[PDB]
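Chemist: Quick one, structure for this:
(one chain, ligands or ions: 4)
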Amino acid sequence: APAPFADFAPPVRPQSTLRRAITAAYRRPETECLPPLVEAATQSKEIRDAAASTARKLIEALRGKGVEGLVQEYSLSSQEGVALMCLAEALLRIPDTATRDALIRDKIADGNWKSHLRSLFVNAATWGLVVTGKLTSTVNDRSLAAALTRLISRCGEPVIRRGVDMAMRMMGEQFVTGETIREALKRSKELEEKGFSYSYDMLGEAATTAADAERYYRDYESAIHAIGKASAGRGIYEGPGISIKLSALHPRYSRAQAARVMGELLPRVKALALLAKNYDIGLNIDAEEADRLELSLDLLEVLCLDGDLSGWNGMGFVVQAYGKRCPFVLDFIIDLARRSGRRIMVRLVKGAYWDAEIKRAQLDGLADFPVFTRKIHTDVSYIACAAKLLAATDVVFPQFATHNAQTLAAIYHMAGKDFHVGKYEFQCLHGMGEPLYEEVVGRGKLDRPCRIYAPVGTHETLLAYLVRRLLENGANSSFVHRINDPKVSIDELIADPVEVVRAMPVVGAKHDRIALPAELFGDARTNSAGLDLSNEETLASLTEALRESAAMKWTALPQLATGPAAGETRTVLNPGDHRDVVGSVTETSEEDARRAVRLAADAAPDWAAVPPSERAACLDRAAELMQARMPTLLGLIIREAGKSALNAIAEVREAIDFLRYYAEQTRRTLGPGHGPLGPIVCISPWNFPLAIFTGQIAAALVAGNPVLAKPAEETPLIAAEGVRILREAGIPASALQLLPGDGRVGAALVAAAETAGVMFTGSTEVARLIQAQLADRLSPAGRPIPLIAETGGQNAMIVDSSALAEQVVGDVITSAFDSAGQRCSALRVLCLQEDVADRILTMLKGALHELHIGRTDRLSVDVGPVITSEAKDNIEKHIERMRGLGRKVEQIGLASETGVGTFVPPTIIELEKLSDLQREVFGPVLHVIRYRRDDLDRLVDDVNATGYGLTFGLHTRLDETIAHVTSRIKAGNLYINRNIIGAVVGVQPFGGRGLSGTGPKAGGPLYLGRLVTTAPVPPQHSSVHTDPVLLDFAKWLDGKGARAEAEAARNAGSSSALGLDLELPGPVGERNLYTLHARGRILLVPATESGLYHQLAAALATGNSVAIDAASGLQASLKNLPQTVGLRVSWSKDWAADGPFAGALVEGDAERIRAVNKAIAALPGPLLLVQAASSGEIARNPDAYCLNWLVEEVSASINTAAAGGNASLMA
Ligand SMILES: Cc1cc2nc3c(=O)[nH]c(=O)nc-3n(C[C@H](O)[C@H](O)[C@H](O)COP(=O)(O)OP(=O)(O)OC[C@H]3O[C@@H](n4cnc5c(N)ncnc54)[C@H](O)[C@@H]3O)c2cc1C
Ligand SMILES: NC(=O)c1ccc[n+]([C@@H]2O[C@H](COP(=O)([O-])OP(=O)(O)OC[C@H]3O[C@@H](n4cnc5c(N)ncnc54)[C@H](O)[C@@H]3O)[C@@H](O)[C@H]2O)c1
Ligand SMILES: O=C(O)[C@@H]1CCCO1
Ligand SMILES: [Mg+2]
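Modeler: Residues are numbered from 1 along each chain as shown. Ligands and ions are numbered 1, 2, ... in the order given. Take a look:
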């Protein structure tokens, strides 16, 4: 077996001094970046005065001179303008104008456009940007439909015709320079005669499949031939050139795939560069996301050092001045030019991905942003980098891309009075910069050339680039926007950002309204930190720490309060390669499991006496220890549990977040009256072997309970290391005991007499057995043993014809095949609307064939093994049964190296009905169903009908579909236009309903209260809403003289948090929502009339209906019930036939409570959260039944950056 991590992530080449200087600046503090930029950007008072004059002149000329005119002419509202353009766009898809015109004149103009015409409004977000300048992530299609009907009924055929002509002209003339390269070359002559030049971009980026990359390659190749022939030997300065995006040329363009990039992408760029050289035209590599900057430099370096490209100065490269590495990148490029004997064209830009970079750094928990956070900082950076470029015009050709008249004038005077063509040039984007550069090019203006970046193509490739332009055009900080804002004066426009920054009290201070990733949660807690796997320093130090982790002799032992116990001992083997021994585990005898519980019971008063803030301090220290040890922990998780590096980072971050979140929740809530339960048994799954392991233990400890920690049999080593860390942090040995072993060890703990509570995460099947065993037991107070049982999923994603296919496929690949599908949250059923299913499935299969499956100690591995042979056989048996029914089953091929481990390839199975699935299949197996749009409501029924309710995804841009689907789906974690595996602690509190969970959600504010005998009031836990049926019940109680019960009912109505509706703090570009709903139908088992009244008040106040045990004999107690209340009330003789229920309320003595609890455990379907109280307790304690457990939590995470940008960050 190869040495673990020996080939984890070797760099493309050894990092030079100049390359290292780039990497060191990647996330440098903004206060450190700016002072040297300010100094480099400084110009004399003479130049500053001169530049202000020129800038003012330019702005005066621009201010001294489309859809807006169409809106004015027909008095359209904004929504009417958007709807009109959507209609026009659709009408233009009719290829025969005669057919189109007849349809307009005879069907659309008089009556419902709907009857004669996939939503009309799939592209409304884009038209919304065109019409209003604002971007919304999703569209209100009911408002747009209303507006379209209104404008047609008002204005008839003439406005439709104007809309069609206006759409035609915009999509063919304004959005692009031409739809084909030949047409774009024709239209260039007018401005070329005037001294402009051109750089053409065949629109295209982010190849998803091999076929995508090949098509984009062929477009670039055809364009170079056409541009080269048009250039006709004009050369790289006066003749036209081409721009390319590297992400267009390979479906896996990333640092993680560097070997494939250098072996497969580089030769394609070399071939194109060879053509560009042969025609002597410029070829420019566009700059993209920040995590691709340094990788693109390796391609630039190999190209520039290639002798087949010598004698040609047309190699070009963009550097983004909004990036912190920009000046150091320029130092590298200038030196590369000297080393390679060429002149390199350098396009200086600000940058096009700002919103996405802010969101990405926050999601990833990194030290800082790789871009500036104040716009003026970007301006200063640009000026300072222009100074560097102009000092080296002998070896680079500076190309100053900007629409900012102040920026332009600063550089124009910086460059001095000596100019010749070829010294430097300006650049602008087609349809944006011509008015400004009409004031620049020519002997009668500034006499400086400008190259126009010219997008070429049709709507099929237009979207992404067009949105970026429109966002740039409408952003309130953008020059092209401010120049049209009459509220913005010219003196403000010509303000020198270098002097404004120089005069600030803290030079380079971060933007006040953008949180660093560590600060996402403010004063409440510190966010866990990740690791940047695109940073070469990080990859080199990680490589060494990971190799060192593989040399450690990891062990896991039964760690009882008295010390480690002996037992059956065996090796722990890497699931991806059984030759790789990871460590040794000694497993717990059933007798020692029972002994551990007695020891926990003896130690329980000592741990409960540790005050809550000091218990929380233990958790916070443990989080610091894990953060510091993250590199080592990653290596163990990678080798023990089949995880990739990214998977393992998420695992450790999640454990850190649980620790700090439950610590903070404890400091917010727990006091002396919130007594611990006693010894708590924590039983955890293999698939999140540190995160959920740590989360359950940490919550139980901080609530004051000693813990018996029973990790899954497959993954004991990381659990032992987690226990070592918690003990190191101050948890006493007697308060936290580790009991490795199989399910028999779990069962022995669950059954032990002093066990006071059980926290279980695992399969629904095992949870049912645990609930059965617990129903035989009672606390010494005569009440049920609390059980949190978070179980399996059958998770669906619904995709309609308005979704963006590329985005769907990325989120599907992640949701279904991340960790080989071994997430409880994993996508199991992809539901595709029929008319887009084939296209999406073709793209999905193409993306599947680009995944690398193998042993996970290489950065290039995407998908790891399944945990055991047993798991592998269980998965393959399902795939066989599906094959046996004639279902189409497709799999990707596995390399022969996977033979020493247990791997299952990503598998796609086409179903006929959702009922084909009978059970959670915990592996890389995605099932697909197609649906007709009119069947959407019934499809949601079919998803709900499995009985599960964990995660659920919806991809749509239509608000009506979002509203419909999210009001009808029954799942605990919802995700809109993103993947469905998010579980960020305190942001997406995670946990489901039905067969998926009892609740309360891990990582949410109700969790700790289940682990004490008297639950606290969580932060922000209240509601001003009062259930109206509860109100009617209280009135009926008053009407029959039951004054004390009516009072209790009104008190329950107020205390209920039903209707809570909160936005949780999280990253930008996302809205994370947390709401409290009714649970459903509650089984009521009363003993007395007043007991029944109290149970009814509790259930009604929380929005529930009820089934009352008919054997109670209390039927006469509810005569003359108001219809509103009776509508919520049924009587049950056979509880099993009237389910499923969502909880239960029991009244009786200890004997009755146990008898009822056993019968409830016997019920089919979901595990029920049961609450019990004696008659005297109901009379004495108004909180005898806790309303926390009668509501259901729902988390919803909405990607609001999905349409292309961030609307709040546009401000
Ligand atoms: C011909 C041409 C080619 C280009 N090629 C590329 C390319 O290959 N890759 C690429 O990424 N960009 C590229 N750009 C730049 C990008 O597309 C925008 O056009 C450019 O950033 C706008 O800058 P400005 O001087 O026109 O306008 P301005 O209004 O002066 O500057 C706007 C810019 O400031 C930045 N910014 C906005 N808010 C903040 C903030 N809060 N904190 C820090 N910075 C902020 C953003 O970069 C924004 O685009 C190109 C631009 C042109 C004209
Ligand atoms: N709802 C959630 O948040 C969530 C999170 C992660 C995983 N899961 C679920 O966990 C499962 C995967 O983990 P797993 O394969 O390790 O599950 P599992 O049910 O096989 O095993 C879970 C744990 O229970 C123990 N166990 C087994 N039999 C027992 C018994 N009779 N009595 C007491 N304990 C017993 C196991 O040893 C292990 O520690 C999947 O079903 C997955 O969906 C749910
Ligand atoms: O694609 C973009 O938005 C930038 C601008 C032109 C090239 O890269
Ligand atoms: Mg198991």
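Chemist: What is the neighbour count of whichever residue of the stretch 801-950 of the chain sits closest to ligand 2?
Modeler: Residue nearest to ligand 2 within the stretch 801-950 of the chain (CB to the nearest ligand atom): residue 824, separated by 3.3 Å. Quick note: C-beta positions are derived from backbone N, CA and C, even for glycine. Summarising burial for residue 824: neighbours were counted as other CB atoms under 10 Å, giving 27.
Chemist: Enumerate every residue touching it.
Modeler: Residue 824 makes contact with 685, 687, 761, 790-793, 950-951 under the criterion CB atoms under 8 Å, 6 or more residues apart in numbering.
Chemist: Which parts of the stretch 1-150 of the chain are helices?
Modeler: Using DSSP state H, counting those that start in this stretch, the helices of the stretch 1-150 of the chain run over residues 17-24, 30-41, 45-63, 67-74, 78-91, 97-103, 124-132, 141-169.
Chemist: possible to save the ones you listed as CSV with distance to residue 215 and mean neighbour count?
Modeler: Listed next are these as CSV, based on distance: least, CB to CB, whole Å; neighbours: other CB atoms under 10 Å:
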stretch, distance to residue 215, mean neighbour count
helix 17-24, 33, 16
helix 30-41, 40, 19
helix 45-63, 39, 16
helix 67-74, 32, 14
helix 78-91, 24, 24
helix 97-103, 29, 13
helix 124-132, 23, 23
helix 141-169, 26, 18
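Chemist: Tell me which of the ones you listed approaches residue 250 most closely.
Modeler: Taking CB to CB, helix 17-24 is the member of these nearest to residue 250, at 22.1 Å.
Chemist: For that closest one, enumerate the helices and strands it packs against.
Modeler: Packed against helix 17-24 by the contact rule (3 or more CB pairs under 8 Å, 6 or more residues apart in numbering; DSSP states H and E) you find helix 293-304, helix 326-340, helix 536-551.
Chemist: before we move on, back to that, the residue of the stretch 801-950 of the chain closest to ligand 2 should be in a helix, yeah?
Modeler: No. Secondary structure of residue 824, determined by DSSP: H, G, I helix; E, B strand; the rest coil: coil, with no helix assignment.
Chemist: Could you list the contact residues of the stretch 451-600 of the chain toward ligand 1?
Modeler: Applying CB under 6 Å from any ligand atom, we find that the stretch 451-600 of the chain lies next to ligand 1 at 453, 472, 477-479, 511.
Chemist: run the last query once more with 8 Å
Modeler: For the stretch 451-600 of the chain, the residues found near ligand 1 under the criterion CB under 8 Å from any ligand atom are 451-453, 468-469, 472, 475, 477-482, 511, 514.
Chemist: What subset of those is buried?
Modeler: Those of those that meet the buried threshold are 451-453, 468-469, 472, 475, 478-482, by 16 or more other CB atoms under 10 Å.
Chemist: Tell me how many other residues surround residue 1157.
Modeler: Residue crowding around residue 1157 was assessed by other CB under 10 Å; the count is 26.
Chemist: Verify the contact between it and residue 1172 for me.
Modeler: Yes. The criterion here is CB atoms under 8 Å, and residue 1157 meets it with residue 1172 at 7.2 Å.
Chemist: The stretch 1001-1150 of the chain: strands as residue ranges?
Modeler: Under the criterion DSSP state E, counting those that start in this stretch, the stretch 1001-1150 of the chain contains strands at 1061-1064, 1070-1078, 1081-1085, 1105-1109, 1129-1132, 1144-1147.
Chemist: Just after the last one, pick out the following helix or strand.
Modeler: In the C-terminal direction, the helix or strand that comes right after strand 1144-1147 (DSSP states H and E) is helix 1150-1161.
Chemist: Give me the angle between that following helix and strand 1081-1085.
Modeler: 150 degrees (axes from the mean of the first three to the mean of the last three CA atoms, to 10 degrees).
Chemist: picking up where we left off before, intersection of neighbour lists for residue 1157 and residue 1172?
Modeler: Residues touching both residue 1157 and residue 1172 (CB under 8 Å, 6+ apart): 784, 1146.
Chemist: how far is stretch 1035-1053 from where the chain is centred?
Modeler: Per CA atoms, centre = their mean, to the nearest Å, the displacement of stretch 1035-1053 from the mean C-alpha position of its chain is 47 Å.
Chemist: again with stretch 404-413
Modeler: 39 Å.
Chemist: so, in contact with ligand 3 or not, that stretch?
Modeler: No. Figure legend: stretch 404-413 not in contact with ligand 3 (CB under 8 Å from any ligand atom); closest approach 14.6 Å.
Chemist: same thing with stretch 376-385?
Modeler: No. Figure legend: stretch 376-385 not in contact with ligand 3 (CB under 8 Å from any ligand atom); closest approach 14.8 Å.
Chemist: returning to what we had before: now for the helices of the stretch 1-150 of the chain, which one comes closest to residue 643?
Modeler: Shortest separation from residue 643 across the helices of the stretch 1-150 of the chain is recorded for helix 17-24, at 25.9 Å, computed as CB to CB.
Chemist: Give me the angle between that closest one and helix 293-304.
Modeler: Computed by the same axes, to 10 degrees, the angle between helix 17-24 and helix 293-304 is 160 degrees.
Chemist: Is residue 623 part of a helix or strand, or is it coil?
Modeler: Strictly by three-state DSSP, residue 623 counts as helix.
Chemist: for residue 428, same thing?
Modeler: If you use three-state DSSP, then residue 428 falls in the strand class.
Chemist: Pretty sure it sits against residue 403.
Modeler: Yes. Here residue 428 reaches residue 403: they are 6.1 Å apart, a contact under CB under 8 Å.
Chemist: Residues that sit against both of the two, list them.
Modeler: Shared contacts of residue 428 and residue 403 (CB under 8 Å, 6+ apart): residue 436.
Chemist: Name the residues of stretch 1080-1091 that are buried.
Modeler: By neighbour count, with 16+ other CB under 10 Å as the criterion, the buried positions of stretch 1080-1091 are 1080-1088, 1090-1091.
Chemist: Could you do stretch 619-626 as well?
Modeler: Going through stretch 619-626 with 16+ other CB under 10 Å, the ones that come out buried are 619-623, 625-626.
Chemist: Figure out which of the helices of the stretch 1-150 of the chain is closest to residue 386.
Modeler: Checked against CB to CB, the stretch from the helices of the stretch 1-150 of the chain lying closest is helix 30-41, at 8.2 Å.
Chemist: same for the closest one, what does it pack against?
Modeler: Packed on helix 30-41, when contacts are counted by 3+ CB pairs under 8 Å, 6+ apart, are helix 326-340, helix 375-390, helix 497-502.
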